[PDB]
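Structure, as structure tokens:
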Amino acid sequence: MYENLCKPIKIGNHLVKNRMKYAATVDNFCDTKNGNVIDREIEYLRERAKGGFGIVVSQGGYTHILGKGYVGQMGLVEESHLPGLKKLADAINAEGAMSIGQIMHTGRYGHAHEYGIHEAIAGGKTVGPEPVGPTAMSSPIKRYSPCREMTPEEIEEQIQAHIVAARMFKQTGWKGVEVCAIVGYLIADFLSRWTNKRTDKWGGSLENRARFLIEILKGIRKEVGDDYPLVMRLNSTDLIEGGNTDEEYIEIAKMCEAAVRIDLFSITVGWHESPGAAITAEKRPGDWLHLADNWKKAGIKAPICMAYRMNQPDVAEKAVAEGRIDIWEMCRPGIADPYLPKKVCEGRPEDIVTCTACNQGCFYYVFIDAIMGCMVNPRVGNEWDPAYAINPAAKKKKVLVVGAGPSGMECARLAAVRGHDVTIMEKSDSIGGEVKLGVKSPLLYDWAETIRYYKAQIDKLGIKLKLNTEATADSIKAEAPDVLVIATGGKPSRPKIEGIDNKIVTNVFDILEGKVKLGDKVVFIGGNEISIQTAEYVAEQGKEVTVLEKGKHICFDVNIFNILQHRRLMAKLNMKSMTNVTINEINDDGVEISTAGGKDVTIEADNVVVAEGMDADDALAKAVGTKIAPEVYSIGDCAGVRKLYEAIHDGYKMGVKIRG
Ligand SMILES: CC(C)(COP(=O)(O)OP(=O)(O)OC[C@H]1O[C@@H](n2cnc3c(N)ncnc32)[C@H](O)[C@@H]1OP(=O)(O)O)[C@@H](O)C(=O)NCCC(=O)NCCSC(=O)c1ccc2ccccc2c1
Ligand SMILES: Cc1cc2nc3c(=O)[nH]c(=O)nc-3n(C[C@H](O)[C@H](O)[C@H](O)COP(=O)(O)OP(=O)(O)OC[C@H]3O[C@@H](n4cnc5c(N)ncnc54)[C@H](O)[C@@H]3O)c2cc1C
Ligand SMILES: Cc1cc2nc3c(=O)[nH]c(=O)nc-3n(C[C@H](O)[C@H](O)[C@H](O)COP(=O)(O)O)c2cc1C
Ligand code: SF4
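Residue numbers (PDB author numbering): 13 to 672.
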């Protein structure tokens, strides 16, 4: 099947079994106190190695405390980090994967002070905990604090720290070393004309701006030797107004190959300060491949690998075939499904847990100093915890799952994988629950890949799927199961709003279910995630939409990465919104509201959508007590409304606990 993706390839002197690479992923799994590698991180990458990835890269390791940009970033500074580095390398090498250590000083994005650093040594002198860069300056956004200009001594020092960091990797069994010179970290800071305002040998012309990177490459090449694999990550476009152009990054790449032999180029897209889209669902697989074509036609000697929304094996396969790239790199797809490679080379892509790009468990959690997690993969960060082990339990109990939503299908999938006699009751004609409806939203198209997954596991696990069957207090008893899993989900709320009983009112479910004939002027009462996403679907059809939020901001329950995603879309669709508005009435023509200080104002509309919240659809659960079956359980939104992430987690936490 996926012949090209499974082809071998030599990276330097080391042969790689396939063309699938798991990219560096800082996940705060390391000890936040000192940057040492711990079991959580060891078992995390071990599973990615077991999964079949021909290459597994560690997270970006910080070469200096001032370069720590994540509360739990791996450290590459002192000898106290060697035991963990050797253990992690062996875990990856044992699985037949090429282990590669990444060296990453965050530079301008450092948060040493936020992590409790009062003072540090740099260039033989005491300094403050502020981040460092080639030029002292402030960030346009508040996340990154003002940086300090690096003395020429600190620059020479960091060249050595990279050399030493490469040594720590090689001497601990790592099969290769990767230099991280992307998205806005220290090296990228010197390469960019926007952040590098220096006039000495380290700044000015494109040659001087790239001197820092070249000296890091030359220094490491001498340290590791001509045989050791040396690769790097370099932007192909930084998406920064005033930064470097696409052809400049190509020229920089040429300079790197002229200085040392580059074994592999990982070309990236954008900076954390870029106002454009680089990794959100807005971008589809294959959109950035045109940048790879530029590097290939320009004569780049080393092979190239790319990622950034390349969550489709089909697209990657065609890419490797056409020579656009030489390796299919990926980070989020490797998080969502550690066994994606094994599933690809075994001709079973239908079993892939695809990445939806929710950016909640991975990007968002890591930037808020939290343990990384995954929406579709509840094992991320728990690969070490025996509580998530999947045990057989030869008893084989009879399990009845009520609700084919995400939580219900995750509970049944595992219970079936463990040998239980699972059955699912669905009152509708299709599985998916609210995911079946959200997939209609423009930015959630990936949710179709999720439906496919569960639809394929049910068909492969021989699970009893009873579609068009509304579970009642009688059918359950008739089925007489050993364990009852109630996953009815949630339903739209209906607050006490004068006139809410008017015909002009409708809820989210009816909209996405086509059980309503809307018009051209629509108004949504509620600025939460679900409400906004529903409006996007309404506007996509060519209709005027307005969102009314009583709170201070819209998209209040949206992660910081997706906030920028809705703005670009709500604006592209010409959508209006209002905050701090009081809902006073809903009549035939629309909804009457009031701002701060009276200011009564009507909103003429053809359809008013009450989408302020969701209610737990716990009707059935409360009708059948905990005595109807030897073991009764409620999971998902019916046991308390949460989001999709907490639903799949509840399902898997339930599928592995069904002992009897
Ligand atoms: C999520 C942010 C990183 C910042 O978060 P935050 O909202 O908390 O920043 P801040 O609070 O300081 O910003 C305040 C205001 O500016 C807005 N803002 C923040 N970042 C913005 C931005 N980039 N453009 C426009 N507005 C922005 C933000 O919406 C907010 O609006 P307001 O308070 O309501 O008035 C944001 O900049 C952002 O979404 N960046 C996009 C990330 C991105 O695409 N990076 C390039 C591709 S990712 C990549 O290749 C990569 C490589 C290596 C990595 C290693 C470690 C971890 C991840 C890595 C990713
Ligand atoms: C439009 C929309 C967009 C959303 N976007 C996001 C998002 O971006 N991020 C996020 O985290 N969350 C999002 N959510 C929320 C997320 O979809 C839910 O949290 C999640 O689907 C809850 O899963 P569940 O299995 O607990 O319930 P559900 O998904 O609602 O599953 C319930 C299923 O059980 C069936 N059922 C109910 N009662 C019975 C019965 N008596 N007998 C048989 N079958 C029954 C229902 O028909 C349904 O198929 C969105 C929701 C909507 C509606
Ligand atoms: C949580 C998280 C941590 C990341 N850590 C690193 C890192 O340490 N070094 C690096 O070069 N890229 C890092 N990245 C960027 C990814 O390696 C990858 O290039 C990017 O997320 C887009 O690729 P993808 O679409 O396959 O996810 C990280 C991304 C995420 C979401
Ligand atoms: S949390 Fe979302 S974006 Fe991150 S890996 Fe999982 S599915 Fe992909």
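Cβ coordinates follow ideal geometry from the N, Cα and C atoms, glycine included.
{"Query": "Hey, how far is the Cα of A109 from the Cα of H26?", "Result": "10 Å"}
{"Query": "Suppose the cutoff is 8 Å on Cβ atoms and the five residues either side in sequence are ignored; what does the same chain contact list for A460 look like?", "Result": "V451"}
{"Query": "Can you grab the Cα-Cα spacing for the pair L581 / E548, in whole Å?", "Result": "8 Å"}
{"Query": "Comparing alpha-carbon positions, which option in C370, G667 and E161 lies nearest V429?", "Result": "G667"}
{"Query": "Reducing DSSP to helix, strand and coil, say where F277 ends up.", "Result": "strand"}
{"Query": "Tell me the DSSP bridge mates of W340?", "Result": "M32 and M318"}
{"Query": "Classify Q553 as buried or exposed, calling it buried when 16 or more other Cβ atoms lie within 10 Å of its own Cβ.", "Result": "exposed"}
{"Query": "In the structure shown, what three-state DSSP assignment does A134 receive?", "Result": "strand"}
{"Query": "Counting along the chain, where does the alpha helix (DSSP H) carrying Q324 start and finish?", "Result": "Taken as a continuous stretch (DSSP letters only), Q324 belongs to no alpha helix (DSSP H), as it is neither H nor E."}
{"Query": "Expressed to the nearest angstrom, what Euclidean distance is found between the alpha-carbon atoms of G119 and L203?", "Result": "12 Å"}
{"Query": "Is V528 near ligand 3, with its Cβ less than 7 Å from a heavy atom?", "Result": "no"}
{"Query": "Can you tell me whether DSSP reads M666 as helix, strand or coil?", "Result": "helix"}
{"Query": "Taking the alpha carbon of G96 as the point to measure from, which residue in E53, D299 and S151 has its own alpha carbon closest?", "Result": "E53"}
{"Query": "What's the call for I380, buried or exposed, on a 16-neighbour Cβ count within 10 Å?", "Result": "exposed"}
{"Query": "Okay, do the stretch 636-645 and the stretch 612-625 touch, 3+ Cβ pairs below 8 Å being the bar?", "Result": "no"}
{"Query": "Excluding sequence positions up to five away, which residues of its chain have a Cβ less than 8 Å from the Cβ of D441?", "Result": "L479 and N480"}
{"Query": "Going along the chain, which residues of its own chain have a beta-carbon closer than 6 Å to the beta-carbon of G72, five neighbours each way excluded?", "Result": "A36, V38, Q114, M116 and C192"}
{"Query": "Could you tell me the distance, in whole angstroms, from the CA atom of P287 to the CA atom of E190?", "Result": "27 Å"}
{"Query": "Could you give the distance in angstroms between the alpha-carbon of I274 and the alpha-carbon of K154?", "Result": "36 Å"}
{"Query": "Is the distance from the Cβ of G188 to the Cβ of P241 below 8 Å?", "Result": "yes"}
{"Query": "For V528, does the count of other Cβ atoms within 10 angstroms reach 16, so buried, or fall short, so exposed?", "Result": "exposed"}
{"Query": "What is the DSSP secondary structure of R671, reduced to helix, strand or coil?", "Result": "coil"}
{"Query": "Distance, Cα to Cα, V570 vs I509?", "Result": "25 Å"}
{"Query": "Taking 7 Å as the cut-off, does the CB of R654 come closer than this to any heavy atom belonging to ligand 2?", "Result": "yes"}
{"Query": "Counting pairs of beta carbons, one from the stretch 118-134 and one from the stretch 90-105, are three or more of them closer than 8 Å?", "Result": "no"}
{"Query": "Give a single yes or no on whether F573 has its beta carbon closer than 7 Å to a heavy atom of ligand 3.", "Result": "no"}
{"Query": "Taking DSSP as the reference, what is the three-state secondary structure of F536?", "Result": "strand"}
{"Query": "Using alpha carbons as the reference points, say which of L78, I167 and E643 lies closest to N46.", "Result": "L78"}
{"Query": "Output the residues surrounding ligand 5, defined as those with a CB atom closer than 7 Å to any ligand heavy atom, in chain order.", "Result": "Inclusion of ligand 5 in the displayed structure is not the case, the ligand content consisting of ligand 1, ligand 2, ligand 3 and ligand 4 alone."}
{"Query": "Can the beta-carbon of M86 be found closer than 8 Å to that of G359?", "Result": "no"}
{"Query": "Tell me which same chain residues have a C-beta within less than 6 Å of the C-beta of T366, skipping the five on either side of it?", "Result": "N323 and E461"}
{"Query": "I'd like to know if the stretch 421-436 and the stretch 508-523 are in contact, where contact means that at least 3 CB-CB pairs between them fall below 8 Å.", "Result": "no"}
{"Query": "Is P345 buried or exposed, if buried means 16 or more other CB atoms sit within 10 Å of its CB?", "Result": "buried"}
{"Query": "Taking only runs of the alpha helix (DSSP H) that begin and end inside the stretch 568-618, which ones reach a length of at least 4 residues, in chain order?", "Result": "572-584"}
{"Query": "Tell whether a beta-carbon distance below 8 Å holds between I443 and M421.", "Result": "yes"}
{"Query": "CB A265 to CB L251, shorter than 8 Å?", "Result": "no"}
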